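Values in this text are rule-based calculations from the coordinates and carry no lab data. Here the Cβ is made from the backbone with ideal geometry for all residues, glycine too, and neighbour counts use every protein chain on show.
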Amino acid sequence: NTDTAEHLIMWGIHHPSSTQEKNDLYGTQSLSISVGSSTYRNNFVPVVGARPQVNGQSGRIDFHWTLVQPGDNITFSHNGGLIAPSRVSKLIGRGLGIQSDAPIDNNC
Amino acid sequence: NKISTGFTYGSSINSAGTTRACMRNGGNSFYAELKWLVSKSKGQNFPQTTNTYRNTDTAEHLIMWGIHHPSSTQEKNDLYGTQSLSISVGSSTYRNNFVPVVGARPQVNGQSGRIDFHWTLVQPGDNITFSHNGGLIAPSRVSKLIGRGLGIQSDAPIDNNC
Amino acid sequence: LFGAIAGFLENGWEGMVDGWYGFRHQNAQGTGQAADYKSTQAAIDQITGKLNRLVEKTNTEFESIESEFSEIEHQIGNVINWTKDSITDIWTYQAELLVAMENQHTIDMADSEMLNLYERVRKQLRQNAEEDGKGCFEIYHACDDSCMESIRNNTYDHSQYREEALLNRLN
Amino acid sequence: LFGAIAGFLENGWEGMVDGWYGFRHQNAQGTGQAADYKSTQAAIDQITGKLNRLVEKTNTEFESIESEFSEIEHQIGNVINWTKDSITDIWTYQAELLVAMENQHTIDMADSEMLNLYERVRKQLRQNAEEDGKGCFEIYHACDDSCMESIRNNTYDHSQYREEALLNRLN
Amino acid sequence: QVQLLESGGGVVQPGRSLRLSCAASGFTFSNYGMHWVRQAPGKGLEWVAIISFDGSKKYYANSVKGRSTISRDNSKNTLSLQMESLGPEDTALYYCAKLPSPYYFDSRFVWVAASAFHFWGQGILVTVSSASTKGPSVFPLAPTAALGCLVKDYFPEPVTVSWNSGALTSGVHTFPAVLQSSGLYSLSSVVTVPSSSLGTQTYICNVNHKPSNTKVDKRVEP
Amino acid sequence: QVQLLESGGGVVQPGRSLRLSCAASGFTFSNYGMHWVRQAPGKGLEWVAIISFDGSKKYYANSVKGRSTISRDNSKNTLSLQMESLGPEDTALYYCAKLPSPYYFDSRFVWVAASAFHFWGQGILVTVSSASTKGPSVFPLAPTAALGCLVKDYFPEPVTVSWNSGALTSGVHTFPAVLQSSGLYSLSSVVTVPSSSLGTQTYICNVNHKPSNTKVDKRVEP
Amino acid sequence: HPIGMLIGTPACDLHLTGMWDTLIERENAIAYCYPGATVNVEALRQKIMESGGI
Ligand SMILES: *[C@@H]1O[C@H](CO)[C@@H](O)[C@H](O)[C@H]1NC(C)=O
Ligand SMILES: *[C@@H]1O[C@H](CO)[C@@H](O)[C@H](O)[C@H]1NC(C)=O
């Protein structure tokens, strides 16, 4: 991170739906994912499991996220199954969040 | 309300596991709303099994299950074999994986092995699938909570006249 | 509670739209009605100041802690529900107390202003008349319409009719 | 509101540092000033009792729930912020209400004590003088400095000058 | 809500009579007691007249007492003022407005309220003199940098100036009028712009003068 | 804050005059009305005199009315009291202090306050008799267990006693004085200690008598 | 859905970046085109709804 403000990084951990899919996507090796920074350390291992179809797919993806502080370095050591972030996010300013169903009136 | 799951298992699975820690009718028993899945032969691997429960009620249901953790390698090999144990639970709003772990622990109620209980709420119209290889405590009947009630934690006796 | 609005004045004057505290007189000329400006303006200013101090509120910005389209964890959700219901009950009790106290104070302040105007008119009519009790003033000699306005303008002189009233009360 | 401080007394006596409610007299001897002890002491005691009941507070012990040198979980931090800001707003509103009500009550209590002392002096001067309205007492016969102190000492006898006042008002 | 209409302005010669009339809407006019105030050119505020909601008493100001007449009609929601013998001390802006007044000049319906219905709308700008209503003469003041327009030799002065039909409002400066030895006024209005767009943009100034029906448009160029 | 100075103590013979004077600091003395009170030896409180902040009225107590005189000076912040014909009914401790008094004895600045400035400082202990200011005689009371010191045959009695320059204060007991048939007083002071350190520690008792400039030190041993 | 703005779901292609002083969320907010879940999704949703730009 080279910015003067904190950044927000998201990534994903894939979980196939069959052994055939796992062998076709990442091979027969032992999969291991490790994420490490100066203020965060974690490990994730993909798990094969039979699950019902949602949107036509059975395999899943668990999304993780963290805040990288200015001047910090974050390292991903992966063996297969990591969903990499092509672009990271930075939240700017304050805003009022509203959860409602009423239509918008741009005249009042 | 207790609703049967209707899960079925092959002739290679002995779903009537009991122990001396849970006494019900003077003999060894287990939890009423759960069932212990082990290998019928005392040295064979537990077969890869898949079971699916589908909620057909207009209200949400509450399902509980257990993950077994043996106390020795001999017990693990006798109950589920020498295979690699893996349990996966999957629904439209829940996904998790559990792996049994062997470890030496002190005796509580005369037993050293443990069981970690998990629970979740299944919404109407959803399907939940268990893909297990050995060590899963299956739910024989799931629960449904009905209505609201006032929970009181106290030690004073009950007076049914005031 | 003073004895003016809920005391010796046993009837209000619905026909007196000129003000909250006015005069009704019956002399040889006939019947007439007017209103006192000072007490009415004092009451109006006090009530408007109450309303002005009431309606102003900055209302420090708040944000959403509970999700509306997703499920919250059960324990933290119960804690949030408990906290928000407690805050609701506190604000409800304070609203009840404020409303009741302010209504009582407004009514009693109108009563106090009525009695203060009564005492002013009495200090004006010091020694030339008597008060029958039912808010009226039994004038012992007379009072013209100009005398009535002088009572309104707070310019009535009692040393001008003092000896007249004394001679009328003695003989 | 009584008609004494904000009513018929249209001017305060800045030169009267002897007390809150005092007497100023002008007789053949000259001009003199004194102060009444009872009403001033009553007001001072009431205000000091208010302050004493106000300044005492045990303030039950509290501890830190938010970390100052580390990051707290976002949801529980938002809950704590919401709760503490709600408590701040509640205490702010209660402080405003308490301050305003107590100031109003103190001013009106000073006014009530002034009017009570006025009524005491009137019950003393029952039938030998008249009140012009502007807080003064038009004595119809006389009053010595010793008579003034007797009015202060609450020992003025009206049956001693009753016939004198009657004869002066008739003739 | 706050929408009005005013009439009676123009150029009236000294000695004749002025008649002004304002009508408001968006509220119940039949209850608010209305006021007529005047402000001489430059500064200084002087109250003219007050009227009850029903027209019971006038209580004119001593400066114009017995010389002016204020009146109101609640059916058409109108307030009129008529004054005669218009000396030079009457050339001013006349505002009809609702001000915080004694309570009985208002109605019992708005006593119990903290709204404090506020007003003062627009002005009138009555002027008395040897009329000689003249038309304006416009000259383009052409060369960071600036450019403007100068409008001179006209009467009276309810003049308005805009830049590109009233679009450009940044860095603009509209200066007050200056009266000279011929009974005529002048007024400059400028606008600033960086020194990189001399022959680049279409700079147009528009001048509107009401009591001559005059609309002038001019362009600036090096 | 609460720091003072007092003067005028000693041994005055009956018939002469006593003059006491106290000066305080840490506050504005020119506003608080001050009081002089006396307490006879033993118990019993009897008020002596009061003074206004400016010295307008005294209002002496009937027991000493017309016989005493209280005065104050706000420039040097001092309060003095002078009394003549000192009979045996005047031997007492005289306290100058600020008490809750009528409001006009105080100033208008401290009326609006709940502070209630509190005082009473120290004492004076005036004594009248055939002076015969005697020096004290000290004897060591030597043998859980205890040990002490006995001080006898001296006058007057503003005596103080400490253990090891005022260090040991646990288990100590300083007993009241006893007057005897020779116009002289006595006083014992003991301290307890477990029965394991007879010839072990350095036990020293110190006695200070002010109106003889007497400082005595003694040691205890078996 | 606020998560789709950070991850880049198709339904959030119109809202991948931008600036605002008030963010409005709807009930049909889709966060996943491929099925899945997010760890600590409530905290992230609060962080996004409190923000004023991405
Ligand atoms: C009371 O008066 C207010 C204005 O002061 C008005 O808005 C309201 O309609 C009135 N209500 C009744 C019942 O007269
Ligand atoms: C008011 O009086 C208090 C003591 O009662 C004093 O501390 C304060 O300085 C005074 N303030 C003013 C403005 O006189």
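Taken over region E:91-105, the criterion of being away from chain C (no Cβ under 14 Å) and either away from ligand 1 (no atom under 16 Å from the Cβ) or exposed (fewer than 13 other Cβ atoms within 10 Å of the Cβ) (or both) is satisfied by E:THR91, E:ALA92, E:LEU93, E:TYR94, E:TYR95, E:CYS96, E:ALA97, E:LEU99. Total residues in region G:36-54 satisfying the condition of being at the interface with chain A (Cβ under 7 Å from one of its Cβ atoms), in contact with a helix residue (DSSP H, G or I) (Cβ under 9 Å, 6 or more places away or on another chain) and within 23 Å of B:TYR94 (Cα to Cα): the figure is 2. Take the conditions (1) out of contact with any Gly (no Cβ under 7 Å at 6 or more places or on another chain); (2) not in a loop (DSSP other than H, G, I, E, B); F:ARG19 misses just one of them, which is (1).
One residue stands out in region F:72-87 among those that are more than 19 Å from the chain's Cα centre (by Cα) and part of a strand (DSSP E or B): the one that is farthest from ligand 1 (Cβ to nearest atom), namely F:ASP73. Here is a list: A:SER30, A:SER17, A:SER37. Which entry is away from chain G (no Cβ under 14 Å), more than 12 Å from the chain's Cα centre (by Cα) and surrounded by 14 or more Cβ atoms within 10 Å (Cβ to Cβ)? The unique qualifying residue is A:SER37. The criterion of at least 1 residues that are within 13 Å of another protein chain (Cβ to nearest Cβ) is met, among strands (runs of 3 or more DSSP E) falling completely within region A:59-99, by A:60-68, A:96-99. Being more than 21 Å from F:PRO211 (Cα to Cα) and assigned to a strand (DSSP E or B) holds for only one residue in F:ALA24, F:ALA61, and it is F:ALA24.
Return the only residue of B:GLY125, B:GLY151 being more than 24 Å from A:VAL54 (Cβ to Cβ), surrounded by fewer than 19 Cβ atoms within 10 Å (Cβ to Cβ) and more than 13 Å from the chain's Cα centre (by Cα). Let's see the steps before the verdict.
Working: B:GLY125 fails: more than 24 Å from A:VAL54 (Cβ to Cβ).
After applying the criteria, what remains is B:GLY151.
Taking region F:106-151 as the range and being away from ligand 2 (no atom under 16 Å from the Cβ), out of contact with any strand residue (DSSP E or B) (no Cβ under 7 Å at 6 or more places or on another chain) and among the hydrophobic types (A, V, I, L, M, F, W, C) as the test, only F:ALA142 passes. Taking residues in region D:129-150 that are within 19 Å of D:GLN29 (Cα to Cα) and at the interface with another protein chain (Cβ under 10 Å from one of its Cβ atoms), and partners anywhere that are surrounded by 15 or more Cβ atoms within 10 Å (Cβ to Cβ) and of a type outside the set (A, V, I, L, M, F, W, C), the pairs with Cβ atoms closer than 9 Å and at least 6 places apart or on different chains are D:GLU138/D:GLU130; D:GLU138/D:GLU131.
Among residues belonging to region E:88-103 that are under 17 Å from E:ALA49 (Cβ atoms) and not in a strand (DSSP E or B), point out the one that is farthest from ligand 2 (Cβ to nearest atom). Among them, the one singled out is E:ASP90. Return the pair list, or none, for Cβ contacts closer than 7 Å from residues in region F:106-126 that are within 11 Å of chain D (Cβ to nearest Cβ) and more than 16 Å from F:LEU5 (Cβ to Cβ) to residues that are among the aliphatic types (A, V, I, L, M) and more than 16 Å from ligand 1 (Cβ to nearest atom), at least 6 apart or on different chains. So the pair list comes out as F:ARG108/D:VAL17; F:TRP111/D:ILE44; F:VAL112/D:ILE47; F:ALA114/D:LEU51; F:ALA114/D:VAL55. E:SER115 passes every criterion in (1) surrounded by fewer than 16 Cβ atoms within 10 Å (Cβ to Cβ); (2) away from ligand 1 (no atom under 16 Å from the Cβ); (3) among the polar types (S, T, N, Q) apart from (2). Inside region D:71-80, residues that are part of a helix (DSSP H, G or I) and away from chain G (no Cβ under 11 Å) make up a count of 1.
Consider F:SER68 against the criteria (1) polar (S, T, N, Q); (2) away from chain D (no Cβ under 14 Å); (3) surrounded by fewer than 16 Cβ atoms within 10 Å (Cβ to Cβ): it satisfies all of them except one. Which criterion is unmet? With (1) polar (S, T, N, Q); (2) away from chain D (no Cβ under 14 Å); (3) surrounded by fewer than 16 Cβ atoms within 10 Å (Cβ to Cβ) applied to F:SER68, the lone miss is (3).
In summary, D:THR48 fulfils each of the numbered conditions (1) within 9 Å of chain F (Cβ to nearest Cβ); (2) outside any helix (DSSP H, G or I); (3) not hydrophobic (A, V, I, L, M, F, W, C) with the single exception of condition (2). When region B:104-162 is limited to residues that are assigned to a loop (DSSP other than H, G, I, E, B) and among the acidic types (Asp, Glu), the one that is farthest from B:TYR31 (Cα to Cα) turns out to be B:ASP159. D:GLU102 - would you say it is within 30 Å of D:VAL55 (Cβ to Cβ) and more than 9 Å from chain C (Cβ to nearest Cβ)? In short, yes.
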